[PDB]
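Engineer: No letters, just coordinates:
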Ligand SMILES: NC(=O)c1ccc[n+]([C@@H]2O[C@H](COP(=O)([O-])OP(=O)([O-])OC[C@H]3O[C@@H](n4cnc5c(N)[nH+]cnc54)[C@H](O)[C@@H]3O)[C@@H](O)[C@H]2O)c1
Ligand SMILES: NC(=O)c1ccc[n+]([C@@H]2O[C@H](COP(=O)([O-])OP(=O)([O-])OC[C@H]3O[C@@H](n4cnc5c(N)[nH+]cnc54)[C@H](O)[C@@H]3O)[C@@H](O)[C@H]2O)c1
Ligand SMILES: [Zn+2]
Ligand SMILES: [Zn+2]
Ligand SMILES: [Zn+2]
Ligand SMILES: [Zn+2]
């Protein structure tokens, strides 16, 4: 009943940094060639959405943020072959065009069509599908999931199991897959190893889940908020440390705890200082450190390259290294077969209209993931 | 006969920074338990020895430098089982104790007994075997090869083929193995890949040799001294670029030349700026950059961690990642079996007494390796 028509719906528009979202009517254009219009069902609040608000992650404003979500296809543009109306789908904030040198590479996942490295806040064709108060509104990472309806490029959507519980599997669209893949795929955590995870939010807990799945013997959670420790232990941390409790810097503490440095460390916060601390705490000759946290816009870290010369490996990744369109449906299938759990990440559920309360919960330290239902 | 006796011999003593070496008589104590006294046959001039002179690499002075060498065992202390008098040997500036967590790790080589991290300039027992004009003289990296005789710990020496040409295989003690292993073992260069090698001295040329052995399709040499280009092409560079020839930063040039970034880059100079440039020029999603150059003492680089978050891998290594005592004999056997060439690295052969002339050749840009012969 809406195919080929403009849809008026509610979205959460961010007009200005450091302000609440405005829940108000937008116009959503119909999908053009190779585009998909999705009726959203559930979306998570990821710290990267907050980074848009805080100016940590710069993207053009005004904007419809949201990137961790699931929904149902309402209509498809001309030439779409990979989804149909009524399919359950997860928007892919990292696209998989299948054609660029990264998509063709066996390891690569950061498709060259992404809108993260130099955000423009458009569709692939450089235009917007959103109008609000007669004004064009930017997209976010090609997804814009804080809206009852969004339009995405076909390379930014994956079809998932028709029997999927969308209020759970939305987390496969960012935080779970990112953390789990950062452990199992990017770091390649080994059986019997010692891991250190800096930051025990939704992504860091997913890193712990991956470290445990990989058979780590020790998984040391690190957070300045000790309220995060109980859940971290529930999902596999063997011990938790708060840097504020120690006179010495936590890299020294972790090196001593691990009898000379950890096998694998993960920065899952987004601070320059913890990226360097996380590198330093891995064993100097054979340790691996993975950066997951999003750094503050345009800021450089300072480090001593002797940390690398001794033999450390330092890497980072987007979306856990997963090729997004290949991987998302398989992760959903694995979830359905109980290969991993998502409930430990979900601490709060709210209607979409209470999005601002959801962001308050994140900023206060109370929540891990709040799931918003449309 | 000399066994059990102090030897008086000639050595090149460095009394203070930024002065010529002093060629004079030293006293070399006999080996204690688990020590080996070696009559030197040939030693190469590595830029790392010059770093001791320039104060780039801090180690206690006064010192007998030299770490890239080969010689013949003169005597063994109590308890030595791995070499005997008369054996050809290569001193190992990275030891292999076989007992520490690094030596036991499949991918570690930076043995915790090394004297590089926190240089003491002694034997393992904390004492020196050298005196000169009634003063104790420091060791360097447990080797001290700028002397007609040295004493090393057993964990810092490897027995090699009795038919080895020591005036060639001394380069397996540092520069060849470092560069070759940085390509084949640390980076794991792949067939058909594009590599960029920053710095075309003895170590960078050895990196090119390894990239070619690994089947790289393109190997781009980068040096500010265009006199280095002919030999780089002889050993496998497909093209060479001088950053001074370009208006753009060379990372932009290399990204354009490689249609979006190289597969593997190597920093083989020792500059903070080239370490960051070499990281930046590797493909942002799947590129690998290896730091080989020794950085200036206590100086930090500045970089944007988004270079890593997109998917790059950054690592460094000492001695090409090779477990030294296992690997050096095999590299010598491989050389004897014609698996690689050393002559391309050797531009000058001088008597030991001409050490300062050998350093002046390196500093002027006019040599790759000078081999000093005793
Ligand atoms: N690489 C990717 O693809 C990707 C994906 C998803 C999230 N992210 C980023 O990953 C980070 C974590 O996201 P999230 O889990 O949703 O965030 P979160 O829920 O805010 O968790 C961050 C945790 O870090 C803790 N913390 C803050 N400061 C410190 C400190 N100094 N030391 C130790 N702990 C500290 C904090 O208490 C919190 O529990 C954010 O920067 C995101 O932007 C990146
Ligand atoms: N990691 C290890 O185990 C290890 C082993 C051996 C050597 N090293 C280091 O590796 C580096 C190279 O050693 P080497 O090959 O004996 O030295 P080298 O022979 O002096 O070669 C260095 C090359 O870098 C070139 N160069 C200098 N500045 C620049 C610049 N700005 N841009 C591009 N090219 C430049 C220079 O012209 C020369 O050809 C030194 O820092 C050594 O200390 C490390
Ligand atoms: Zn692509
Ligand atoms: Zn996210
Ligand atoms: Zn060891
Ligand atoms: Zn050297």
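Structural biologist: Sure thing, it's come through. Numbering: from 1, shown residues only, chains lettered A, B, ... in the order given. Ligands and ions are numbered 1, 2, ... in the order given.
Engineer: Next, the contact list for residue A:57, please.
Structural biologist: By CB atoms under 8 Å, 6 or more residues apart in numbering or on different chains, the residues touching residue A:57 are A:48, A:51, A:294, A:297. No exception for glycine: its C-beta is placed from N, CA and C like everyone else's.
Engineer: can you do 6 Å?
Structural biologist: Contact analysis of residue A:57 by CB atoms under 6 Å, 6 or more residues apart in numbering or on different chains lists A:48, A:51, A:294.
Engineer: Residue A:318 too?
Structural biologist: A:94, A:110.
Engineer: Repeat that for residue A:264.
Structural biologist: Contacts of residue A:264 (CB under 6 Å, 6+ apart): A:187, A:189, A:193, A:195, A:288.
Engineer: so which of these comes closest to ligand 3?
Structural biologist: Checking these against ligand 3 by CB to the ion gives residue A:187 as the nearest, at 23.4 Å.
Engineer: Select from the contacts of residue A:264 every entry located in strands.
Structural biologist: A:195, A:288 (DSSP state E).
Engineer: By neighbours, which of the contacts of residue A:264 wins?
Structural biologist: residue A:195 (31 neighbours; other CB atoms under 10 Å in any protein chain shown).
Engineer: Quick one: classify residue A:25 as helix, strand or coil.
Structural biologist: What DSSP: H, G, I helix; E, B strand; the rest coil gives for residue A:25 is strand.
Engineer: Can you name the residues bridging to it?
Structural biologist: residue A:10 (DSSP bridges).
Engineer: Export the contacts of residue A:264 to CSV and append columns for distance to ligand 5.
Structural biologist: Output for those, formatted as CSV (distance: CB to the ion, whole Å):
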residue, distance to ligand 5
A:187, 24
A:189, 24
A:193, 19
A:195, 23
A:288, 20
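Engineer: Please give me every residue in contact with the residue in the stretch 1-150 of chain A that ligand 4 sits nearest to.
Structural biologist: Nearest residue of the stretch 1-150 of chain A to ligand 4, counting by CB to the ion: residue A:46, 3.3 Å away. Neighbour list for residue A:46: A:68, A:174, A:175 [criterion: CB under 6 Å, 6+ apart].
Engineer: gap between it and residue B:265?
Structural biologist: With the distance defined as CB to CB, to the nearest Å, residue A:46 ends up 32 Å from residue B:265.
Engineer: cool, residue A:104 as well?
Structural biologist: For residue A:104, the distance to residue B:265 - CB to CB - is 20 Å.
Engineer: With neighbour numbers in mind, choose between those two.
Structural biologist: Set residue A:104 next to residue B:265 and count neighbours by other CB under 10 Å: residue B:265 wins out with 34 against 10.
Engineer: in a strand, that's where that one is, yeah?
Structural biologist: Yes: the assignment for residue B:265 (three-state DSSP) places it in a strand.
Engineer: what residues are up against it?
Structural biologist: B:196, B:278, B:281, B:282, B:289.
Engineer: For the stretch 201-350 of chain A, which segments are assigned as strands?
Structural biologist: Along the stretch 201-350 of chain A, the segments classed as strands by DSSP state E, counting those that start in this stretch run A:218-222, A:239-241, A:264-267, A:288-291, A:301-303, A:313-316, A:346-351.
Engineer: hmm, who's touching the longest one?
Structural biologist: Put plainly, it is strand A:346-351. Contacts for strand A:346-351 (CB under 6 Å, 6+ apart): A:358, A:361, A:367, A:368, A:369, A:370, A:371, A:372, A:373.
Engineer: Please repeat the previous calculation with a cut-off of 7 Å.
Structural biologist: A:357, A:358, A:361, A:367, A:368, A:369, A:370, A:371, A:372, A:373 (CB atoms under 7 Å, 6 or more residues apart in numbering or on different chains).
Engineer: where's the residue of the stretch 201-350 of chain A found nearest ligand 4 relative to residue A:319, distance?
Structural biologist: Of all residues in the stretch 201-350 of chain A, the one sitting closest to ligand 4 is residue A:203 (7.3 Å; CB to the ion). Going from residue A:203 to residue A:319 by CB to CB gives 11 Å.
Engineer: Likewise for residue A:109?
Structural biologist: 6 Å.
Engineer: Residue A:293 reaches residue A:272, doesn't it?
Structural biologist: No: taking contacts as CB atoms under 7 Å, residue A:293 lies outside contact range of residue A:272: 9.7 Å.
Engineer: And the two? Which one has more around it.
Structural biologist: Between residue A:293 and residue A:272, counted using other CB under 10 Å, the more crowded position is residue A:293 (27 against 18).
Engineer: check contacts around the more buried one.
Structural biologist: A:199, A:267, A:268, A:269, A:270, A:271.
Engineer: Okay, helices next: where are they in the stretch 151-300 of chain A?
Structural biologist: Here the stretch 151-300 of chain A has its helices, by DSSP state H, counting those that start in this stretch, at A:166-169, A:175-181, A:202-213, A:229-234, A:250-257, A:272-281.
Engineer: Flag every buried residue along the fifth one.
Structural biologist: For helix A:250-257, the buried set under the neighbour-count rule, 16 or more other CB atoms under 10 Å in any protein chain shown, comprises A:250, A:251, A:253, A:254, A:255, A:257.
Engineer: rewinding a little: any shared contact partners between residue A:109 and residue A:319?
Structural biologist: residue A:94.
Engineer: can you give me the strands for the stretch 1-150 of chain A?
Structural biologist: With DSSP E, counting those that start in this stretch as the criterion, the stretch 1-150 of chain A has strands spanning A:7-14, A:22-28, A:35-44, A:63-64, A:69-76, A:88-91, A:130-132, A:135-137, A:149-153.
Engineer: Relative to residue A:231, how far out is residue A:244?
Structural biologist: Taking CB to CB, one finds residue A:244 at 19 Å from residue A:231.
Engineer: what about the two, which has more around it?
Structural biologist: The residue with more neighbours, out of residue A:244 and residue A:231, is residue A:231; 18 against 10, by other CB under 10 Å.
Engineer: Surely the more buried one and residue A:205 touch.
Structural biologist: Yes: look at residue A:231 against residue A:205 with CB under 7 Å: they come within range, at 6.4 Å.
Engineer: coming back round to it: identify the farthest-apart pair in the buried residues of helix A:250-257.
Structural biologist: Longest distance between any two of the buried residues of helix A:250-257 is 10.8 Å, between A:251 and A:257; criterion CB to CB.
Engineer: Need the phi and psi values for the residue positioned nearest the centre of chain A.
Structural biologist: Central residue check for chain A by CA atoms, centre = their mean: the C-alpha nearest the mean position is that of residue A:174, 3.2 Å away. Main-chain torsions, residue A:174, degrees, to the nearest 10: phi -160, psi -70.
Engineer: now residue A:295
Structural biologist: Per degrees, to the nearest 10, the backbone of residue A:295 is at phi -80, psi 160.
Engineer: residues in contact with the closest residue to it other than its chain neighbours?
Structural biologist: Nearest residue to residue A:295, sequence neighbours excluded (CB to CB, 6 or more residues apart in numbering or on different chains): residue B:305, at 4.8 Å. If a contact means CB under 7 Å, 6+ apart, then residue B:305 has A:272, A:275, A:291, A:295, A:301, A:316 as its contacts.
Engineer: List just the nearest of the residues you listed to residue A:23.
Structural biologist: Ranked by distance to residue A:23 (CB to CB), these are led by residue A:295 at 30.1 Å.
Engineer: what about the closest one, how many neighbours?
Structural biologist: 24.
Engineer: Next, the contact list for it, please.
Structural biologist: Per CB under 7 Å, 6+ apart, neighbours of residue A:295: A:270, A:272, B:305, B:306.
Engineer: Residues of the stretch 101-250 of chain A that sit close to ligand 4?
Structural biologist: Contact residues, the stretch 101-250 of chain A versus ligand 4 (CB under 5 Å from the ion): residue A:174.
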